[PDB]
Every structure is written in structure tokens, then in C-alpha cells.
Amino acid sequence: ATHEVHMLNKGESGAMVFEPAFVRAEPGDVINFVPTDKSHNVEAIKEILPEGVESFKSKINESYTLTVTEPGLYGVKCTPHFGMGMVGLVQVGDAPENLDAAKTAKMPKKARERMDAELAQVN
């Protein structure tokens, strides 16, 4: 299954957001990160990735296709807007092993707020 995430200046939840900010996916699914508005990218949050998953960082304004082969949590940020709290979370499969890492990862205050909100969606 394929899921789409937009990078927005002003979304339903607030400013400088990934929308949806949380995706529950299954191993092997595809996540498409697509700008709606210019100025944004998608970059892995190093500390919030499953074992073995390589970091990624897209170029500003390009669509990025992520295949989530590995189960766990994948945290993403928008590089220029990380401090503005522009972060997203993809849960791949049940009972992610790296939940504690996602809860304790250091990031800017507003990013940590939005990440805690996303974590509240884990199921």
C-alpha cells in the first residue's frame, strides 16, 4: 500500500507541517512525501529509524518515495523548518521496537511537541 504525506506551509493542524503528520503503514509499504508548497524537503531523524535503515535527505521541492521495508518507527523532519516543528512520524507494523528512542530523541522544542502528538497516535 502507498501513502501520501504533504509538506505544507499552513495545514489543518498548524504552520510548517507534514500532513498527515502520522502514518500507520505495514512493512513493505511506500510513503510518498510531496511538497504542496515550495521551500520544504524530507530528511530522516537519525535517532528515530529502525535497525539497519539508512538515513535519507531529499532536495528542496522534490517528491521523495520511501519504501518502509523494516518495521518500526521512522521520524522525519523538514531540514530548514525543524525548529518550526516540521516533523512527521511513520509507524510500520505493530509494537515498534524503537518507541523509547522516539520518545527521548533530542530535537527543537516545537519539534518535540509535534513528535509527542504524533506518538499519541501509535497503535
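In this text, residue numbers run from 1 along the sequence as written.
Note on 98-106 vs 21-29: mean CA B-factor is higher in 98-106. Taking the mean C-alpha B-factor of each stretch as recorded, 8-16 and 109-117 are not equal, and the higher mean is that of 8-16.
Take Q91, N41, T65, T69 and read off each C-alpha B-factor from the entry; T69 has the highest. Among all modelled residues in this chain, the alpha-carbon of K57 has a temperature factor (C-alpha) in the middle third. Annotation for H81: C-alpha temperature factor in the middle third relative to the rest of the modelled chain, per the entry.
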